[PDB]
């Protein structure tokens, strides 16, 4: 549980609201209990010509990785515990994507209790539905009603 400086959070929040991304998605996975798994991602995108700016971000946040997919590099943070601690400190400064951040923090906290009952898991998938709604979702496939249909068995 490392603590981040206010000025670092201030600048970064503005960068995240612009070119950053807070993603929640439901992934198909037969080996898991309900054939579906939850993935929370904190994403910052920048062209590889400025990969360095994403590299400092790894050192400054402390945790996370950076990957290239051609002309574009991406800072990513999917690890649950650091994700929570980070978004908790970044949240008050978000102006555009504040809702999504708090919606993720809500999911991460309800992660244990959501593996219990099917109706509870679908309730958490509902929280995922809200995040993609707030985002400019265009390529989404697996939603809460996708889980529901498979969960009719």
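Residue numbers count along the first chain shown, from 1.
Averaged over Cα atoms, the B-factor as recorded in the entry is higher for 62 to 70 than for the other of 87 to 95 and 62 to 70. Averaged over their C-alpha atoms, the temperature factors of 25 to 33 and 39 to 47 are higher for 25 to 33.
Ranked against the other modelled residues of its chain, the C-alpha B-factor of residue 127 as given in the entry falls in the middle third. Ranked within its chain, residue 145 lands in the highest third, by CA B factor from the PDB record. Compared with the other modelled residues of the chain, the Cα B-factor recorded for residue 101 ranks in the lowest third.
In this PDB entry, residue 107 carries a Cα temperature factor that places it within the middle third of its chain's modelled residues.
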